[PDB]
Structures are given as structure tokens and as C-alpha cells.
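The sequence lines fix the lettering, A, B, ..., with proteins before strands; numbering per chain opens at 1. All heavy atoms count here, side chains included; hydrogens, waters and symmetry mates do not.
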Amino acid sequence: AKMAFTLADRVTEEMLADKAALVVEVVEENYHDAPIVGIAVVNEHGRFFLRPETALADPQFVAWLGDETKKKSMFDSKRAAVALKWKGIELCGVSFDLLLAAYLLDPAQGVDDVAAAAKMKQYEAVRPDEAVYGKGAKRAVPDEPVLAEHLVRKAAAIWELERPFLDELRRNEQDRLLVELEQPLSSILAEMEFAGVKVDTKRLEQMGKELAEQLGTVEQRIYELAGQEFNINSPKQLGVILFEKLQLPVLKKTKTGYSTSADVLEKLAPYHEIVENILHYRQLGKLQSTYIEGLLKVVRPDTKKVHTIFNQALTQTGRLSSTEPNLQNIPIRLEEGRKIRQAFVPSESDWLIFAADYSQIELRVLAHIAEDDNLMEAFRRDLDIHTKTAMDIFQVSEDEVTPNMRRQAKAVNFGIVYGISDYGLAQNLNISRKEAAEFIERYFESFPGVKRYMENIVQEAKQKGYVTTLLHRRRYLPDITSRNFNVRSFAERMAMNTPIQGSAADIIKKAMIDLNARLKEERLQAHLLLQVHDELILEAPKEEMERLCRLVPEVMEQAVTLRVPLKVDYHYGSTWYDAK
DNA sequence: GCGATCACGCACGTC
DNA sequence: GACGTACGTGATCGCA
Ligand SMILES: OC[C@H]1O[C@@](CO)(O[C@H]2O[C@H](CO)[C@@H](O)[C@H](O)[C@H]2O)[C@@H](O)[C@@H]1O
Ligand SMILES: OC[C@H]1O[C@@](CO)(O[C@H]2O[C@H](CO)[C@@H](O)[C@H](O)[C@H]2O)[C@@H](O)[C@@H]1O
Ligand SMILES: [Mg+2]
């Protein structure tokens, strides 16, 4: 049965009530400078559809959008807020975001439209967006009657579902997590995305040119060494060259053929000079295709900025992700790739990039949650944690810790945080399962509080059905009761890891909210550009650097109070590369 | 049948 | 442990 609404030709006062469900529809996946295709409002007075050209040109409607005392409930308010920012319109007063509510209640549902959220509460009187707009290439905005009914049904669902969602959040003790953390964060991310990051495209193009020259040389050397020409980028052609023509050992298999992962190739390098060249080719080609060509494709040519979109409602642990471009995986480990960061520059003359990162936040969170006396003392002394771990597991003095010992202890520390397993550690360190098991046993002997946490958290996951983070984010783990060893073991590792990774995510999100409040109080021009899981990147006038050196680390260190200190390192410079 | 698209396995970049 | 993008390849679709 059809849903009744007014297809309005002009904005009226009853559309401007002080509580409403609002839909401001942006169909393009990337909403930056994208069209708004229609607007729906549902409130005490009825249901309304407005054409955007009309509504967004109407002073009363625009004033209503920007009035913080006029409360709106929405789904994915950041998309609307950013699309409106590109049109110079402020959206304020969003008091409920159904996307973030659904995400907090259960991130595993993968809710990404109103219909998916609605089905959580047995409400089905709204179509999935994919049904209305189609998917992929065939995607398209439908004719007005179809569009208007869809937007009004979405607004009506939001209007109905706010109360039951808030009720369930309150039962879970997650209502403050929504209202005081995720919703305010959404506004901060909207500002970050809209500001964008300035790119030195000439520098990127120069790099592109160098890389292409190097790739040509290496490509030709590979042909020479192979005694043949082939698609180095093909798994089938390369496999025939390495494991048939050149007879290299097959040390590892993939589902459907020969593994050629770098870890495998590293092992084969002693047998034939072609291998080191394939590795080099892959290094350069990744930089060329993903970073140089990829970034240049998405830079806006007018302003030379890139505008990422942070997906706030995707990861199972409460981290953000970043897309189009992903600015959370710009190279840093190897110097050649690291130079890519020289192309990320401040957006104004005489400004600088300032970067601040937490030192070992996940192990500090683990020390806190596990109340492990040895680990807490280590951080209270601000020790090098990997050297301390080596001292304990290998039973030696600090002087006797060799580089290889520190390297292996570091890998153990990562294993412990990720959800230790003897097979996984063995693969990482390239040792036997028995040997890896001995490393883990020694670790738990030195850190018995961590051992107790790991046992207890798996038991809690089984008993309650989920694990929780410091600020009450939850992750359900139904596979924890599986009678399949591999399925169950993966869930156990999630039970161990999620409260650590997720609590670290909670802390940095709170730090962002606190930082923006402090920046506004101090009336600094500095602002956030990016978050990369445990680090915040800002730009500001050079004259603000001294103040930021004190202000940013303090805010990040004081965001929460743990049983150990939090420690933040910081650097600044004329490009992201130099903020090291 | 011939591009256009979709789907998936794979490899590799970050924290 | 958590992500996103690029690529090659084979399948499928879209329309005659
Ligand atoms: O707008 C972000 C918000 O939208 C969702 C879908 O509800 O993701 C869409 O937007 C993305 C960013 O452009 C795409 O990466 C994604 O493919 C698209 O479905 C949410 O998942 C997200 O939180
Ligand atoms: O032997 C106990 C030890 O095994 C683990 C897995 O490493 O859990 C297993 O043992 C349980 C009972 O004590 C089950 O509840 C669990 O499902 C099973 O996998 C550890 O958590 C536990 O300490
Ligand atoms: Mg760090």
C-alpha cells in the first residue's frame, strides 16, 4: 500500500518544525561536490517531498537546516553535511544518526542503507537503495514519483525507528557513545573531508617520470634474465617463468597455483638473479600504479586537493577506514615509497604540517585492561617495550639483548596483541610451530596478567556473546562456540584483539573531539586533516607551531586516564614527509 | 561475437 | 588483528 505525502512546490512553515526526520539525498557514492537529488521531511505535521532546487534556494529552509535548535534525525548525516558544505550551506542540529546507531548496536550487520537498519527492528516498509537506484554501471536516479516515494519512506522509517534504536542503545549502555562520541565525531570528519589535503602534483608527476624510467630498465633486465618477454604482472606467465623455465623450488602453493608473494620470493632470491629484479619491479610498480597514478586520478584539478571519505560505520573494531583516496596507507616503511609524502603539502602559504602519534597505544591499553604488573611497570618506566620483552622471554640483561632478539620479541608483542597462535607466530618469524609455542609460553610466564586476560576474555565472549571496549563499543562473536577448530580459533583471536584495537580507537576518537574543542577555545587556525589509527595530522600557520607542540600532545595524552601513562610523539615540517 | 561489466583470487600498502 | 586498491583473468551481461 502506497505511502501518503505532499509533493511540495514551495517550502511552508509546517515543514520547519523543531523535530523532524530529514533525508537529503546524495546518490553518487563519492559525495564531494555531488548533486542533491531530492529532500524529504517527516514530522508531526506530515510527510513532505521537496525538489532540491526549490528547498535549497529558500531562505527559511536554509535557516532551518542551520538552526541547532531545530532537531533532525537522519541516516548518514555526514554525506548530507558534506554535500551541503560544497553548496555553502550549514547543516546543524542532527540529534540522531540511524547509520551510527545501527553500527554501534552491531557492526557485523554491514548496515549501509535505511532498509538494512529497519529490518533489525522488523520494519520492512522501505526499499533497499540498490533496488531503487540499481547497482554498478546500471545505477541511475529514477523518475520523480519513484524517487519521492522512496525518500519519504526512508524518512518515515527514520521517524519510527529512532526511539527503539535509542532504547536498545540505552540498554547496552551505549547511548553516550552515540551522542557524545560518534555523532560529534561525524561533524569533525565532515570538516576534515571538506577541507581536504593539498597535493604537489608537479612533484608527483616528476616521480611518475622517474619511476617509469626505472621500471623500463628493470623490466628489460627481467626479460634479459628470463631469456624471454612476458607479462611480469601475470601470475600464470610469471609462474611459468620462475617454476618451469627457470626451475625454481616451489616452496608455497596458492589455492589455484604457485605463490609469488614477496615472502616466498625473498627465499628464492639466492637461486637466480631474476628474483631480486622481480621484487624491485613490484616495489616500483606498486608506487607507480597505486600511489602516483592513483592519487593523480582523484586530485581535484582546480584546487589540487584530495578529499578522502572516512567510513565511520564499517570496521568491526571501531576504527575508521579511508577511501578514494585511502590516505591511511601512504608508504613510510621504505625510503623510496616514503618520498611520496613530500607531495602532501600545507594548503596555504607559510603553513606547516604537524603530526602527533601515540607511542605503543595498543600495548599500553593491554597493560591497563589486563592489569599486568610487569607490563604496567615497563610503561611506567617508559622502557623500550620490545627490548624489555626480549629481556624477559630470553632471560637476559638489557646489555645482552641482540638485534635479532629484539626483532623476535617485537614479533611476539604483535602476536600477543593480534591474538596469539603458535602457527601464526611460526609463519611470521619463519620458525617451527613448536618453537613459536615456546616463545608464547615464555611470554605468558613473564606477563601472567596478560595470560589471565586472554583466558578470561575468551570465557567472557562465550558467556555473554560479545566483547566490549573501554567506551562500551561491542562486537558479537557467535563463532566462539563453533565445534570447528579453525573457525572457533579465529573468533577467540578476535575476542582477545578487539578490546585492545577497539579501545585504542575509542581513545583517539575522544582525543579528536577534545582537540577540536581546545583549538576553538584558543582560536587557533590549525585544523585536523587526517587520522591514521593512532596518529593525527594537522596543518597550521607556522606561527602556531610552538603552541601546538604543547597543546596537541597534552590533549591526546589526557583523552582518557589509564593505569599507565599515554605518550605522544610529535613532529612538524613543510610537507608530510618532513613531519618526521 | 565483441566490448562492457562483474566477480574473485591475489599481491601489497598502512596501523 | 583491522583495512583499501590495483591487477589479471574468466564469467557474465547487453544488445544485436
Ligand atoms: O557515505 C558513507 C557511508 O555510506 C556508505 C553506505 O551507506 O558507504 C557508501 O559510501 C562510500 C564512500 O563513498 C563507499 O565507499 C561505499 O561503497 C558506499 O556504499 C556507508 O558504508 C558509509 O558509512
Ligand atoms: O585449555 C583451555 C584453554 O584453551 C582455550 C583456547 O586456547 O579455550 C579452549 O578451552 C575452553 C575451556 O576451558 C573452551 O571454552 C574454549 O572454547 C576452547 O577453545 C583457552 O581459552 C583456554 O584457556
Ligand atoms: Mg606510533
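By the 30° and 60° cut-offs, the orientation of the rings of A/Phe230 relative to A/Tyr223 is perpendicular. Relative ring orientation between A/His307 and A/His32 is described as tilted, the plane-to-plane angle lying within the 30° to 60° band.
Using Watson-Crick or G-U wobble geometry with both donor-acceptor distances under 3.5 Å, B/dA4 finds its partner in C/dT12.
Contacts of A/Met496 with the nucleic acid, taken as non-hydrogen atoms under 4.0 Å apart, are absent. Contacts of A/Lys286 with the nucleic acid, taken as non-hydrogen atoms under 4.0 Å apart, include base atoms. Here A/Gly294 lies in heavy-atom contact (under 4.0 Å) with sugar-phosphate atoms only. Heavy atoms of A/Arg475 sit under 4.0 angstrom from primed sugar atoms or phosphate atoms, though from no base atom. Counting any heavy atom pair closer than 4.0 Å across all strands shown, A/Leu314 reaches sugar-phosphate atoms only and no base atom. At a threshold of 4.0 angstrom between heavy atoms, the contacts of A/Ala262 are confined to the sugar-phosphate backbone, with no base atom among them. Among the protein residues, A/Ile332 comes within range of the sugar-phosphate backbone only, with heavy atoms under 4.0 Å from sugar or phosphate atoms but none that close to a base. A/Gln316 comes within 4.0 angstrom of the backbone, heavy atoms only, and of no base.
Using a cutoff of 4.0 Å between basic side-chain nitrogens and carboxylate oxygens, A/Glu276 and A/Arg221 are not scored as salt-bridged.
Between A/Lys138 and the phosphate of B/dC6, there is no side-chain N or O to OP1/OP2 separation shorter than 4.0 Å. Of the side-chain N and O atoms in A/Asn231, one or more sit less than 4.0 angstrom from OP1 or OP2 of C/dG8. Close to C/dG4, at under 4.0 Å from its OP1 or OP2, lies a side-chain N or O of A/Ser321. Contact annotation: A/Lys135 side-chain N/O to B/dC6 OP1/OP2 distance is not under 4.0 Å.
When only modelled atom types and interatomic distance are considered, A/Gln109 and A/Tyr476 share no side-chain donor-acceptor pair under 3.5 Å.
Put simply, the side chain of A/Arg319 and the base of B/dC15 share a donor and an acceptor less than 3.5 Å apart. For B/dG13, the base has a donor-acceptor partner in the side chain of A/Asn329 [N/O atoms by modelled type, under 3.5 angstrom].
Between A/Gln237 atom CD and C/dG8 atom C1' the separation is 9 Å, expressed in whole Å.
With the cut-off at 3.5 Å for both distances, C/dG4 forms a Watson-Crick or G-U wobble pair with B/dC12.
Checked against C/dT9, C/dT5, C/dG1, the side chain of A/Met494 finds its nearest nucleotide in C/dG1. Of the listed nucleotides (C/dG8, C/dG10, B/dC10), C/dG8 has the atom at the smallest distance from the side chain of A/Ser234.
Between A/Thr317 and A/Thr290, it is A/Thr317 whose nearest contact on DNA chain C lies nearer the 5' terminus.
A donor-acceptor distance shorter than 3.5 angstrom exists from the side chain of A/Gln174 to the backbone of A/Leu104, with no hydrogens or angles considered.
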